[PDB]
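Only heavy atoms go into these numbers, but all of them, side chains included; no hydrogens, no water, no symmetry mates. Just follow the structure's listing: the first ligand is 1, and inside any ligand the first atom is 1. Count residues from 1 along the sequence.
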Amino acid sequence: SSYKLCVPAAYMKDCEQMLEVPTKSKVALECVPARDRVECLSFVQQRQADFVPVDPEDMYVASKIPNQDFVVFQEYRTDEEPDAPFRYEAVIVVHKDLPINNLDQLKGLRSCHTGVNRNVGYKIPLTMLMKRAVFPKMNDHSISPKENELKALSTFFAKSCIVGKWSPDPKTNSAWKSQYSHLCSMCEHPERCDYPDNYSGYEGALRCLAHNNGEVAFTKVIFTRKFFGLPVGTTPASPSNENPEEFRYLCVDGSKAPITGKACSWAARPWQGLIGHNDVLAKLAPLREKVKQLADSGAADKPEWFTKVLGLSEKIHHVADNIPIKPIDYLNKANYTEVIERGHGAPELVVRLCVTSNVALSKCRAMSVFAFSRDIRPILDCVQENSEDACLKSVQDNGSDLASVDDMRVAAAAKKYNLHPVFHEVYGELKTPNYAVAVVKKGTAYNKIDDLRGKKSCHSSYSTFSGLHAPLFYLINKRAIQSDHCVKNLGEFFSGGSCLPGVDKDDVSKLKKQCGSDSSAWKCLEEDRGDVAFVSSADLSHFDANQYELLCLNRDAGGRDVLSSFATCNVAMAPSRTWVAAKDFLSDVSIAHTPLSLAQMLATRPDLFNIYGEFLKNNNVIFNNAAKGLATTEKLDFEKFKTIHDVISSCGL
Ligand SMILES: *[C@@H]1O[C@H](CO)[C@@H](O[C@@H]2O[C@H](CO)[C@@H](O)[C@H](O)[C@H]2NC(C)=O)[C@H](O)[C@H]1NC(C)=O
Ligand SMILES: [Fe+3]
């Protein structure tokens, strides 16, 4: 008989400290952990929890749960605008003398935007304008949905300022900034088209309009009012050099309205707040008093539970009780469901990820609904086969658009299904694939590969890339050993003997000769049973940084570098879990976009959706828990992986 608050598992301890905050309300709250907020909504519907903080995007996810009976019973507002129904209203701001009497006439104007993927300055304008025949269509399927929007904007407006990361892929973003440079010509620094830019953001858009001869600005009321020194909410009038009489809101009417009056606004971003199941009603006043009290006492400096558990913020923690409202009706009255459901015209593009298990299917579906609610496009669809090979076949057949493959199966999958890598996992704090490296003791006499001829080697297991593939390819490639009888010949290069676990299962007896009492590469190196250890960079924790170095077999100069420099002192880059796609359908940009937008949106917000976390007590579902990001696969890395595999297929290994 408590009010159960769902909380991302990572923040359970913070919710517990919160439960110790003294308050006048004696309401008992309990912390219910979930995998993330998306799961929390399921637990709320299922009554394992009673409420959870939500952004409007989360309410939308919540409104789609089959048979849902959610209720938004609490709004988080600002102290500046405690009585405003919406977080912020989107407005169109023009010079008073702009000849215009219809929103069709926004065409050809120089436009001032807050920045890409933002609400009043981008998503809302796109949502509303696209309803207008004069606005370019966005269903050209030779390119991605994101490119369709940018093409549409750069074709409708004469010039714009739309800064920021248009693509999560750096090279795609740069290429797009070149091809649609008109979208950056109104900015303070057009070549860069990124933050900081004095002509971007809520205020910079009005400066773009007032000071850089822009002709329309998409922004929000509060920055429009303050730009002109006008009062807003609790904020009083301010001295301003800008004169509001020279400017006007442009209304959907096509009419103009004074800035000094109530703004005409085509949509608003709704406030965040709390969502709960319908049985929270009736039991509703005591909870609201409890949350209000926690909000007003965490205001002072702001413990973790303030933001991570209650979903408040420094700027947004005025708890306002509303007339309880269903989530979609909450979103509707802001015109914000339209924005959340924005598309690009039929057929809406879909990227179909192939998964190999029921749990992965369910993770892909929860990820899809989240991505969609968060304005990431293409829509993610989920397709299930019963193996990796069947997912790969399906990508070939165009039953799917992408599928993952691990370790050294990427080159095989390309030979066999004519697929190619699109993006791969990166790891560590440096967000980097693993590398196969060559570990040596400090001060030993090896600086290049021929110096190790006749010597002894330690390896990771024969079944590993770094242990077997990379040293075998590295030697064969430099012709230090013939490519007939490769494993034997490897043994003949390290003629002093080697430990390559599992080489047993031609005459390969030399390659287990040094395994001694303990075949681990770090014990084998430590005990001078080998003079170099071919291991993965992922295993370098087993080597004392003060005693061991990397042999930079990759560098022209050879030599040595520290354990942490593996990314440039190595044998080969290691294939990480990789998603592959066919040749004749979605572009690599269209395929990479949604997963890399997820990875980058969720890198700091695993509480919203735990993309790399445990999923129903299963690890490494879709992504490995160790993944720290996603990057597009360079063609040259692809091509190198194919050559390595070709050498290994030659050896019959
Ligand atoms: C949501 O969108 C509708 C359609 O643009 C807006 O409807 C207008 O509402 C005004 C009141 O400001 C009415 O007087 C007009 O008749 C409506 N105009 C049109 C063109 O339909 C409404 O303003 C929007 N609501 C929000 C909160 O953004
Ligand atoms: Fe915004």
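With ligand atoms numbered from 1 in the order given, ligand 1 contributes 1 (C), 2 (O), 24 (C), 28 (O) to contacts under 4.0 Å with heavy atoms of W266. Interface atoms of ligand 1 facing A267, defined by a heavy-atom separation under 4.0 Å, are 28 (O). Short contacts between ligand 1 and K333, defined as distances under 4.0 Å to a heavy atom of the residue, involve ligand atoms 27 (C).
Among the atoms of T114, none of the N, O or S atoms falls under 2.8 Å from the Fe ion (ligand 2). The nearest N, O or S atom of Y202 is closer to the Fe ion (ligand 2) than 2.8 Å.
Heavy-atom distances between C264 and ligand 1 stay at or above 4.0 Å for every pair.
Of all protein heavy atoms, the one lying nearest to atom 20 (C) of ligand 1 is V252 CG1, 3.7 Å. Here the heavy atom of the protein found nearest to atom 28 (O) of ligand 1 is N335 ND2, 3.1 Å. Of all protein heavy atoms, the one closest to atom 23 (O) of ligand 1 is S265 O, 3.6 Å.
For the pair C264/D253, no side-chain contact is recorded, criterion being any heavy-atom separation below 4.5 Å from C-beta on. Looking only at side-chain heavy atoms (C-beta outward), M59 and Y330 come within less than 4.5 Å of each other. Annotation: side chain of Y202 is in contact with side chain of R118 (closest heavy-atom distance under 4.5 Å). You'll find the side chain of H344 stays beyond 4.5 Å of the side chain of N139, heavy atoms only. By the 4.5 Å heavy-atom criterion applied to side chains, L274 and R288 are not counted as neighbours. Between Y122 and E149 the shortest side-chain heavy-atom distance falls below 4.5 Å.
With a 4.0 Å cut-off on non-hydrogen atoms, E89 does not touch ligand 1 at all.
Put simply, atom 17 (C) of ligand 1 has no protein non-hydrogen atoms near it, under 4.0 Å away. There is a protein heavy atom closer than 4.0 angstrom to atom 2 (O) of ligand 1. Within the 4.0 angstrom cut-off, atom 10 (C) of ligand 1 has no protein heavy-atom neighbours. Atom 7 (O) of ligand 1 lies below 4.0 Å from none of the non-hydrogen atoms of the protein.
Ring geometry, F247 versus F228: the interplanar angle falls from 30° to 60°, so the pair is classed tilted.
Shortest non-hydrogen contact noted between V61 and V369 is CG2-O, 3.8 Å.
Disulfide check for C161/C187 passes, with the SG atoms closer than 2.5 Å.
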